[PDB]
Amino acid sequence: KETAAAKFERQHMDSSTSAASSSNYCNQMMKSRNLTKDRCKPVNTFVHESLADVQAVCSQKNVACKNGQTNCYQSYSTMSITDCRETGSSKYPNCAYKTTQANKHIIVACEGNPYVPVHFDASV
């Protein structure tokens with residue numbers, strides 16, 4: 001089955017765009033990345049940086065995840081990200097999202113060897 005590292009990349013990386021180009025970014029991305037397949041994943045962040053820059057956060061500022069785990073890390077730098085949140089009218093299978101662009105630090109949980117992001121915790 002899909003590794004947690006692969007799933008991170010599928011759910012959160014978007015190195016192909018510098019930012020969200022239209023209000024439909026999230027509708028399109030949530031669907032194309034298979035996040036609406038079974039249910040409407042309620043919230044999702046996409047990171048518009050290279051994979052290596054994102055994987056490098058696993059060696060930046062250690063910080064405790066929302067859930068208390070100590071394998072979280074805050075990027076030293078701000079990063080371009082897109083926040084996706086379901087709209088009030090979102091209804092499976094017709095999942096719909098509000099697209100919000102921003103530049104903020106990211107916090108991810110890392111695991112393995114190589115030690116890579118495996119969960120997106122927050123943007124700050």
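Starting from 1, each residue takes its place in the sequence as its number. Basis for what follows: all heavy atoms, side chains included, without hydrogens, waters or symmetry-related copies.
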Starting from the C-alpha separation in whole Å, work towards a yes-or-no answer on side chain to side chain contact (heavy atoms under 4.5 Å, CB included) for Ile107 and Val63. CA-CA 8 Å; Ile107 306 188; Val63 75; 4.0 Å; yes

Can you tell me if the gamma sulfurs of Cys110 and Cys72 sit closer than 2.5 Å? no

For residues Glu111 and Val116, determine if any side-chain heavy atom of one lies less than 4.5 Å from a side-chain heavy atom of the other. no

Within 6.0 Å of NZ in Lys41, more than 12 heavy atoms from elsewhere: yes

Could you check if a side-chain atom of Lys104 sits within less than 4.5 angstrom of a side-chain atom of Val124, using non-hydrogen atoms only? no

Could you verify whether a donor N or O on one side chain and an acceptor N or O on the other, from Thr82 and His48, lie under 3.5 Å apart? yes

Look only at the side chain of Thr99 and the backbone of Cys26, and say whether a donor-acceptor pair between them is shorter than 3.5 Å. yes

Which of parallel (below 30°), tilted (30 to 60°) and perpendicular (above 60°) describes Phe46 and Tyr25? perpendicular

Looking only at side-chain N and O atoms, does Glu49 offer a donor or acceptor that is under 3.5 Å from a partner on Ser15? no

Student check: side-chain heavy atoms of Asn44 and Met30 closer than 4.5 Å: yes

Can you confirm whether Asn103 sits close enough to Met79 that some side-chain heavy atom of one is under 4.5 Å from a side-chain heavy atom of the other? no

Start with the C-alpha gap between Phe120 and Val47, add the side-chain angles, then the distance that decides, and say whether side chain to side chain contact (heavy atoms under 4.5 Å, CB included) holds. CA-CA 10 Å; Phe120 190 88; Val47 186; 3.8 Å; yes

With a 6.0 Å cut-off (strictly less than), is the heavy-atom count around CZ of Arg10, excluding the residue itself, greater than 12? yes

Under the criterion side chain to side chain contact (heavy atoms under 4.5 Å, CB included), I'd like the reasoning laid out for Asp14 against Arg33: C-alpha separation, chi angles, the key distance, then a yes or no. CA-CA 10 Å; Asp14 183 21; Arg33 293 307 184 76; 3.9 Å; yes

